[PDB]
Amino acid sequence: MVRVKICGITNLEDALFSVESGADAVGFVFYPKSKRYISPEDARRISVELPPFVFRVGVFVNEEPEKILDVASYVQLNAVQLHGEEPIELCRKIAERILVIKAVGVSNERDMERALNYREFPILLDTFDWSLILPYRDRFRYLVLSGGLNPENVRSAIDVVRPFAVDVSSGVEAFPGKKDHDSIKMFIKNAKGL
């Protein structure tokens, strides 16, 4: 069964609702220019109140390795999602202390060729024509499918690719920073086949 991550959480109530509905991970965007931005302190409060067995991920965009490590131990993250243009070295350094997921934007097979350079880490493909990923699926360990996913389309995207996980943030929102519980229920209901 596919895993589901709900990203850009900015408040407790949305996070908890996510957990109770079946979400396997919850994410916080530590990129200052995002509308879904949340401060380490506010994130800490949420992190700390969540049950175990639910991953806490932090999204960073071209941040310097030390800041990544500090936010991570402070907020008690379980993984780090490197969503910029980070070189494998930075990736490899971060990975010595905590698990990293590398995000890579994709729109044509040239992009999939760039992604293969990071195949040693789990990949989040930020994408749509799912089938163009197919000839590359087995070159990767674990693949997180993302981009434009919503309750209406997740199942189709899951049938074509069969990924480890699926990620979403605006496709289940009422507005930037605030989730819509019915959409979350439906997104998880549909993606997992419950």
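Each residue number is its position in the shown sequence, starting from 1.
Unmodelled stretch separating residue 150 from residue 151: none (count of deposited-sequence residues without coordinates). In this entry, 153-161 shows the higher mean Cα temperature factor of the pair 153-161 and 51-59. When the mean C-alpha temperature factors of 107-115 and 76-84 are read from the deposited coordinates, 107-115 comes out higher. Ranking 29, 144, 132, 168 by Cα temperature factor from the entry places 132 first. Among the modelled residues of the chain, residue 101 sits in the lowest third by CA temperature factor in this PDB entry. Ranked within its chain, residue 192 lands in the highest third, by CA B factor from the PDB record.
Placement of the Cα temperature factor of residue 7 within the chain: lowest third of the modelled residues, per the deposited record.
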